[PDB]
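The chain below stands alone, shown as structure tokens; this is the form deposited in one PDB entry.
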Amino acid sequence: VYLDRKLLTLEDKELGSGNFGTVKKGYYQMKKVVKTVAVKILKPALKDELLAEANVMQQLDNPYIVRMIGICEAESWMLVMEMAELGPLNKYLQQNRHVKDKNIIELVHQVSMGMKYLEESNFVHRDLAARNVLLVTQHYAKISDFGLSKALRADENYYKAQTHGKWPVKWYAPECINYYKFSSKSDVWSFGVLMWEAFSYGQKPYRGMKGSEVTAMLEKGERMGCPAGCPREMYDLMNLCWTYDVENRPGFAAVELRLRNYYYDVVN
């Protein structure tokens, strides 16, 4: 089942670009309302990758995950998604230093809610970073980019990668680097890095370090420090996400609960 090209209107300007091609803003005529959308436009593996991305998104339904409207094929093969007007979380915080810690807590908590749902759904994101969190409003975040995502088999709690590819190593847990094992707990490690990025206002983690130097740092039990003005309770949570041993590392249910309670304590 596909979208009708005649019901899609594209704006010529591009929101982004990838190896696949470009991302463009558009409008899709729904039953009555016209919906603003973001469209990934493919320019053979590139097509297989986008189709696998669509296959994952088709199965997800959560307020904190970017929804796929559908696939459209006419002059080009297209992946139609809902539009997150404010763009990537890292770029937004870089340009909006006035954002309060309470607001950052709210957004990272929303990411933890989407990840809690992903974990329950038995999918591993594998690219959970601040650049992949898209903002609908300054108070509404959604997880995007299911390009490296995997639906875990009914009998396993991890996805085993064959060989090391183009990996975002700085966001990867030690078992990913060492055993090529990807689980919801490895996404928890990435979520810790994402939290650090968010409280650092979109600064890059492990500044000026090579991937191998990051692995060597973590193996010595060393971790990134507390970002300037970051609540200590949030830094403690990042360190819990960065638990070396996968078995002792918390899952998204524990992480979301810790975040939820801390946010409501701040509200109180």
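We number the residues from 1 along the sequence you see. C-alpha atoms forming the largest set that superposes within 1.5 Å between two forms make up the rigid core.
In at least one third of the other PDB entries compared, is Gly192 left unmodelled? No: coordinates for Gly192 present in every compared entry.
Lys43: gap in at least one third of other compared structures: Affirmative; at least a third of those entries omit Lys43.
Residues with no coordinates between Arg232 and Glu233, taken from the deposited sequence as a class: Count of unmodelled residues in between: none.
Comparing average C-alpha B factors as deposited, tell me which of 200-208 and 52-60 sits higher. Averaged over C-alpha atoms, the B-factors run higher in 52-60.
Averaged over C-alpha atoms, is the B-factor higher for 250-258 or for 18-26 in this PDB entry? On average, C-alpha B-factors are higher across 18-26.
Can you pull the Cα B-factors for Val34, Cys241, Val37, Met217 from the entry and say which is highest? Top of the list by C-alpha B-factor: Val34.
Of the options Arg126, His109, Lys166, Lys170, which has the highest CA B factor as deposited? Among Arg126, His109, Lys166, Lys170, the highest C-alpha B-factor in the entry belongs to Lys166.
Taking the values exactly as deposited, rank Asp187 by C-alpha B-factor within its chain and report the matching third: lowest, middle or highest. It falls in the bottom third of the chain.
Among all modelled residues of this chain, ranked by Cα B factor, put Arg223 in the bottom, middle or top third, i.e. lowest, middle or highest. Answer is lowest: the recorded C-alpha B-factor places it there.
With respect to C-alpha B-factor, does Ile105 fall in the lowest, middle or highest third of the chain as deposited? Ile105: CA B-factor falls in the lowest third of its chain.
For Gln94, does the deposited CA B-factor place it in the lowest, middle or highest third of the chain? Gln94: CA B-factor falls in the middle third of its chain.
Based on the deposited C-alpha B factors for this chain, I'd like to know if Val66 is in the lowest, middle or highest third. As the PDB entry reports it, the C-alpha B-factor of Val66 lands in the lowest third of its chain.
Keep in mind that the form solved in complex with a partner chain is missing from the display, and what follows is about it.
Non-hydrogen atoms within 4.5 angstroms of its partner chain in the bound PDB entry: do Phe123, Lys185 and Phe191 all have one? The answer is no: none of the three residues contacts the partner (heavy atom, 4.5 Å cut-off).
Given that its partner chain is not shown alongside this chain, does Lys166 nevertheless sit within 4.5 Å of it in the bound PDB entry, heavy atom to heavy atom? Within the cut-off, so yes.
Evaluate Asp127 for contact with its partner chain in the bound PDB entry, applying a 4.5 angstroms cut-off between non-hydrogen atoms, and reply yes or no. Output for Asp127 is yes: heavy atoms within 4.5 Å of its partner chain.
So, in the bound PDB entry, is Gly211 in contact with its partner chain at a 4.5 angstroms heavy atom limit? Contact check for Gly211: yes, within 4.5 Å of its partner chain in the bound PDB entry.
Contact of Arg131 with its partner chain in the bound PDB entry (heavy atom, 4.5 Å): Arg131: contacts its partner chain in the bound PDB entry.
To test your reading of the superposition: with the rigid core aligned, which of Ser76, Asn122, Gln94, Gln138 moves its Cα by 2 angstroms or more between the shown form and the other one? Comparing the C-alpha positions, the one residue that moves 2 Å or more is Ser76.
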